[PDB]
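Written below as structure tokens is the structure these notes are about.
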Amino acid sequence: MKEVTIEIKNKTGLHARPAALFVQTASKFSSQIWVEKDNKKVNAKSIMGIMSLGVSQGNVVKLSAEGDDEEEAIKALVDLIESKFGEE
């Protein structure tokens with residue numbers, strides 16, 4: 001299992017296009033992937049799950065992945081987040 005804690009720094013948090021990019025990126029991997037905030041854990045591949053978490057700019061979340069490509073999955077999501085989903 002691979003886990004990392006990371007601040008979501010883009011304007012919309014995990015909403016709008018960034019939320020779609022997040023779920024699409026997570027979905028490329030066979031691992032089970034989760035996002036957690038404030039004692040609530042959801043499936044990173046689920047748009048309903050991500051929305052239910054209500055992740056806004058500045059919020060810190062814990063990402064975790066379990067499976068054959070767990071390191072790669074986490075690195076992809078970290079890289080996407082650290083690029084602010086392509087936004088300046």
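Naming works like this for the structure tokens: A, B, ... for the chains as they're shown, residue 1 at the start of each chain, ligands 1 onward in shown order.
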When you look at residue 69 in chain A with a cut-off of 10 Å (counting only C-alpha atoms), what residues show up, excluding the ones that are within fewer than 2 positions of it in the same chain? I need them as a short mmCIF file (atom, residue, chain, number, x, y, z; two decimals) with N, CA, C and O atoms, in the first residue's frame.
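The result, written out as selection.cif:
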data_model
loop_
_atom_site.label_atom_id
_atom_site.label_comp_id
_atom_site.auth_asym_id
_atom_site.auth_seq_id
_atom_site.Cartn_x
_atom_site.Cartn_y
_atom_site.Cartn_z
N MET A 1 0.84 -1.19 0.00
CA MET A 1 0.00 0.00 0.00
C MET A 1 0.87 1.25 0.00
O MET A 1 1.91 1.30 0.68
N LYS A 2 0.48 2.25 -0.78
CA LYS A 2 1.23 3.50 -0.84
C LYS A 2 0.29 4.63 -0.45
O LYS A 2 -0.85 4.68 -0.89
N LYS A 28 -6.98 5.02 -14.61
CA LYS A 28 -6.01 4.36 -15.50
C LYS A 28 -5.32 3.21 -14.80
O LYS A 28 -4.62 2.41 -15.44
N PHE A 29 -5.50 3.13 -13.49
CA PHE A 29 -4.74 2.16 -12.69
C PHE A 29 -5.60 1.01 -12.14
O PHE A 29 -6.76 1.18 -11.85
N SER A 30 -5.00 -0.17 -12.03
CA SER A 30 -5.74 -1.33 -11.54
C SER A 30 -5.91 -1.33 -10.03
O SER A 30 -6.83 -1.95 -9.50
N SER A 31 -5.02 -0.61 -9.34
CA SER A 31 -5.08 -0.51 -7.89
C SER A 31 -6.41 0.04 -7.41
O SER A 31 -7.05 0.82 -8.11
N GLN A 32 -6.80 -0.34 -6.20
CA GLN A 32 -7.85 0.39 -5.50
C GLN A 32 -7.21 1.68 -5.00
O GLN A 32 -6.11 1.67 -4.46
N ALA A 65 -3.26 3.99 -2.22
CA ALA A 65 -3.48 3.04 -3.29
C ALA A 65 -2.99 1.65 -2.90
O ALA A 65 -1.96 1.51 -2.23
N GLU A 66 -3.75 0.63 -3.29
CA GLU A 66 -3.39 -0.74 -2.98
C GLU A 66 -3.55 -1.59 -4.23
O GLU A 66 -4.65 -1.72 -4.77
N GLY A 67 -2.44 -2.16 -4.70
CA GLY A 67 -2.50 -2.99 -5.88
C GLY A 67 -1.18 -3.09 -6.62
O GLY A 67 -0.14 -2.62 -6.14
N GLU A 71 2.36 2.37 -6.59
CA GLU A 71 3.35 3.45 -6.60
C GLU A 71 3.10 4.38 -7.78
O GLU A 71 3.08 5.59 -7.62
N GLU A 72 2.88 3.79 -8.95
CA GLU A 72 2.62 4.54 -10.17
C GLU A 72 1.33 5.34 -10.06
O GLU A 72 1.25 6.47 -10.52
N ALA A 73 0.31 4.74 -9.46
CA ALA A 73 -0.98 5.42 -9.30
C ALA A 73 -0.83 6.68 -8.46
O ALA A 73 -1.33 7.75 -8.82
N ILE A 74 -0.16 6.54 -7.32
CA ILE A 74 0.01 7.67 -6.41
C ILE A 74 0.87 8.75 -7.04
O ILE A 74 0.55 9.95 -6.94
#
(message) Quick one: residues within 8 Å of residue 9 in chain A, only C-alpha atoms, excluding same-chain residues fewer than 3 positions away - as JSON, numbers by chain?
(response) {"A": [13, 57, 58, 59, 81, 82, 84]}
Print the selection's residues with C-alpha atoms to a file, as a compact mmCIF listing (two decimals), in the first residue's frame.
# COMPACT_ATOMS: atom_id res chain seq x y z
CA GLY A 13 -10.19 22.04 -5.41
CA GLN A 57 -8.64 24.88 -2.42
CA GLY A 58 -6.21 24.58 0.47
CA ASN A 59 -7.70 21.38 1.82
CA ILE A 81 -2.18 17.79 -8.29
CA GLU A 82 1.25 19.44 -8.18
CA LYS A 84 -2.60 22.33 -10.32
(request) Write out as a PyMOL selection string the residues lying within 10 Å of range 47-52 of chain A, counting only C-alpha atoms and excluding same-chain residues fewer than 2 positions away. (result) chain A and resi 14-16+19-20+22-24+34-36+40-45+54-55
Take the residues that were just selected and, keeping N, CA, C and O atoms, output them as an mmCIF file, in the first residue's frame.
data_model
loop_
_atom_site.group_PDB
_atom_site.id
_atom_site.type_symbol
_atom_site.label_atom_id
_atom_site.label_comp_id
_atom_site.auth_asym_id
_atom_site.auth_seq_id
_atom_site.Cartn_x
_atom_site.Cartn_y
_atom_site.Cartn_z
ATOM 1 N N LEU A 14 -11.113 19.820 -5.729
ATOM 2 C CA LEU A 14 -11.553 18.687 -6.535
ATOM 3 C C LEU A 14 -12.998 18.905 -6.989
ATOM 4 O O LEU A 14 -13.925 18.245 -6.522
ATOM 5 N N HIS A 15 -13.146 19.877 -7.883
ATOM 6 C CA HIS A 15 -14.410 20.223 -8.525
ATOM 7 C C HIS A 15 -14.140 20.626 -9.957
ATOM 8 O O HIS A 15 -12.991 20.909 -10.339
ATOM 9 N N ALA A 16 -15.206 20.662 -10.743
ATOM 10 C CA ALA A 16 -15.141 21.087 -12.134
ATOM 11 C C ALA A 16 -14.158 20.224 -12.910
ATOM 12 O O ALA A 16 -14.080 19.022 -12.670
ATOM 13 N N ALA A 19 -11.761 17.847 -11.020
ATOM 14 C CA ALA A 19 -12.366 16.623 -10.496
ATOM 15 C C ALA A 19 -12.436 15.550 -11.573
ATOM 16 O O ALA A 19 -12.164 14.379 -11.299
ATOM 17 N N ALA A 20 -12.795 15.935 -12.795
ATOM 18 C CA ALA A 20 -12.809 14.964 -13.912
ATOM 19 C C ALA A 20 -11.412 14.438 -14.222
ATOM 20 O O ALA A 20 -11.218 13.241 -14.445
ATOM 21 N N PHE A 22 -8.908 14.249 -12.223
ATOM 22 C CA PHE A 22 -8.550 13.394 -11.094
ATOM 23 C C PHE A 22 -9.135 11.988 -11.223
ATOM 24 O O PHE A 22 -8.402 10.996 -11.131
ATOM 25 N N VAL A 23 -10.446 11.889 -11.444
ATOM 26 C CA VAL A 23 -11.051 10.563 -11.571
ATOM 27 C C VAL A 23 -10.551 9.811 -12.810
ATOM 28 O O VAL A 23 -10.341 8.605 -12.748
ATOM 29 N N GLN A 24 -10.347 10.510 -13.922
ATOM 30 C CA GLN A 24 -9.873 9.842 -15.134
ATOM 31 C C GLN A 24 -8.460 9.322 -14.944
ATOM 32 O O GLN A 24 -8.128 8.235 -15.413
ATOM 33 N N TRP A 34 -7.989 5.442 -2.877
ATOM 34 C CA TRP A 34 -8.889 6.160 -1.985
ATOM 35 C C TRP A 34 -8.399 7.575 -1.731
ATOM 36 O O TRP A 34 -7.197 7.854 -1.777
ATOM 37 N N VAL A 35 -9.352 8.459 -1.461
ATOM 38 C CA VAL A 35 -9.064 9.803 -0.988
ATOM 39 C C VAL A 35 -9.762 9.961 0.342
ATOM 40 O O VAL A 35 -10.923 9.569 0.483
ATOM 41 N N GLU A 36 -9.069 10.532 1.316
ATOM 42 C CA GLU A 36 -9.644 10.711 2.645
ATOM 43 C C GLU A 36 -9.493 12.142 3.121
ATOM 44 O O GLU A 36 -8.452 12.767 2.926
ATOM 45 N N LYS A 40 -13.437 10.677 6.493
ATOM 46 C CA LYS A 40 -14.316 10.193 5.435
ATOM 47 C C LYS A 40 -13.464 9.711 4.264
ATOM 48 O O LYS A 40 -12.642 10.458 3.739
ATOM 49 N N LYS A 41 -13.662 8.462 3.864
ATOM 50 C CA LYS A 41 -12.832 7.837 2.850
ATOM 51 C C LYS A 41 -13.677 7.463 1.642
ATOM 52 O O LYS A 41 -14.716 6.816 1.783
ATOM 53 N N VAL A 42 -13.236 7.866 0.453
ATOM 54 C CA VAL A 42 -14.011 7.589 -0.752
ATOM 55 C C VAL A 42 -13.132 7.022 -1.848
ATOM 56 O O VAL A 42 -11.896 7.132 -1.804
ATOM 57 N N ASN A 43 -13.771 6.393 -2.824
ATOM 58 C CA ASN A 43 -13.099 5.800 -3.968
ATOM 59 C C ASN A 43 -12.628 6.904 -4.900
ATOM 60 O O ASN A 43 -13.436 7.681 -5.400
ATOM 61 N N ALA A 44 -11.320 6.985 -5.127
ATOM 62 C CA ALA A 44 -10.752 8.034 -5.986
ATOM 63 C C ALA A 44 -11.259 7.975 -7.432
ATOM 64 O O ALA A 44 -11.165 8.959 -8.167
ATOM 65 N N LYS A 45 -11.785 6.818 -7.839
ATOM 66 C CA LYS A 45 -12.267 6.634 -9.208
ATOM 67 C C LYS A 45 -13.741 7.014 -9.350
ATOM 68 O O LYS A 45 -14.291 6.953 -10.443
ATOM 69 N N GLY A 54 -16.146 17.036 -0.717
ATOM 70 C CA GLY A 54 -16.141 18.486 -0.662
ATOM 71 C C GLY A 54 -14.758 19.069 -0.457
ATOM 72 O O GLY A 54 -14.515 19.799 0.510
ATOM 73 N N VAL A 55 -13.857 18.772 -1.387
ATOM 74 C CA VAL A 55 -12.471 19.212 -1.267
ATOM 75 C C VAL A 55 -12.289 20.552 -1.966
ATOM 76 O O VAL A 55 -12.413 20.645 -3.189
#
(message) To test your reading of the structure, identify every residue in chain A that backbone DSSP assigns to alpha helix (DSSP H), and report it as a ChimeraX atom specification.
(response) /A:16-26,47-53,70-82
Put those residues in a file: C-alpha atoms, as a PDB file, in the first residue's frame.
ATOM      1  CA  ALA A  16     -15.141  21.087 -12.134  1.00  0.00           C
ATOM      2  CA  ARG A  17     -12.541  19.998 -14.674  1.00  0.00           C
ATOM      3  CA  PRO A  18      -9.904  19.126 -12.049  1.00  0.00           C
ATOM      4  CA  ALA A  19     -12.366  16.623 -10.496  1.00  0.00           C
ATOM      5  CA  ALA A  20     -12.809  14.964 -13.912  1.00  0.00           C
ATOM      6  CA  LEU A  21      -9.061  14.907 -14.548  1.00  0.00           C
ATOM      7  CA  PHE A  22      -8.550  13.394 -11.094  1.00  0.00           C
ATOM      8  CA  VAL A  23     -11.051  10.563 -11.571  1.00  0.00           C
ATOM      9  CA  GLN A  24      -9.873   9.842 -15.134  1.00  0.00           C
ATOM     10  CA  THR A  25      -6.241   9.682 -14.017  1.00  0.00           C
ATOM     11  CA  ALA A  26      -7.057   7.410 -11.061  1.00  0.00           C
ATOM     12  CA  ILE A  47     -17.019  11.189  -9.203  1.00  0.00           C
ATOM     13  CA  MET A  48     -19.854  10.926  -6.674  1.00  0.00           C
ATOM     14  CA  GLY A  49     -17.342   9.908  -4.015  1.00  0.00           C
ATOM     15  CA  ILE A  50     -15.011  12.793  -4.787  1.00  0.00           C
ATOM     16  CA  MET A  51     -17.891  15.289  -4.758  1.00  0.00           C
ATOM     17  CA  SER A  52     -19.169  13.951  -1.441  1.00  0.00           C
ATOM     18  CA  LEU A  53     -15.787  14.764   0.124  1.00  0.00           C
ATOM     19  CA  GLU A  70       0.092   1.452  -6.459  1.00  0.00           C
ATOM     20  CA  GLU A  71       3.354   3.445  -6.601  1.00  0.00           C
ATOM     21  CA  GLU A  72       2.621   4.543 -10.171  1.00  0.00           C
ATOM     22  CA  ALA A  73      -0.980   5.422  -9.303  1.00  0.00           C
ATOM     23  CA  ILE A  74       0.012   7.667  -6.407  1.00  0.00           C
ATOM     24  CA  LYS A  75       2.793   9.321  -8.389  1.00  0.00           C
ATOM     25  CA  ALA A  76       0.375  10.101 -11.237  1.00  0.00           C
ATOM     26  CA  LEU A  77      -2.162  11.706  -8.926  1.00  0.00           C
ATOM     27  CA  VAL A  78       0.531  13.638  -7.045  1.00  0.00           C
ATOM     28  CA  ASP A  79       2.002  14.910 -10.301  1.00  0.00           C
ATOM     29  CA  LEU A  80      -1.417  15.960 -11.552  1.00  0.00           C
ATOM     30  CA  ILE A  81      -2.185  17.795  -8.292  1.00  0.00           C
ATOM     31  CA  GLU A  82       1.248  19.443  -8.175  1.00  0.00           C
TER      32      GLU A  82
END
Give the strand (DSSP E or B) residues of range 3-57 of chain A, as DSSP finds them on the backbone, and put them as a short mmCIF file (atom, residue, chain, number, x, y, z; two decimals) with C-alpha atoms, in the first residue's frame.
data_model
loop_
_atom_site.label_atom_id
_atom_site.label_comp_id
_atom_site.auth_asym_id
_atom_site.auth_seq_id
_atom_site.Cartn_x
_atom_site.Cartn_y
_atom_site.Cartn_z
CA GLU A 3 -0.07 6.63 0.87
CA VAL A 4 0.68 10.34 0.71
CA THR A 5 -0.80 13.49 2.24
CA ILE A 6 -1.11 16.47 -0.05
CA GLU A 7 -2.69 19.91 -0.27
CA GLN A 32 -7.85 0.39 -5.50
CA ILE A 33 -7.39 4.09 -4.80
CA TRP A 34 -8.89 6.16 -1.99
CA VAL A 35 -9.06 9.80 -0.99
CA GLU A 36 -9.64 10.71 2.65
CA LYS A 37 -10.53 13.95 4.40
CA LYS A 40 -14.32 10.19 5.44
CA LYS A 41 -12.83 7.84 2.85
CA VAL A 42 -14.01 7.59 -0.75
CA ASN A 43 -13.10 5.80 -3.97
#
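Interatomic distance, CA of residue 12 in chain A against CA of residue 87 in chain A: 10.5 Å.
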(request) Pick out the closest residue to residue 11 in chain A from this set: A:27, A:46, A:56, A:39. Count only C-alpha atoms. (result)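 Using only C-alpha atoms, residue 11 in chain A sits closest to A:56.
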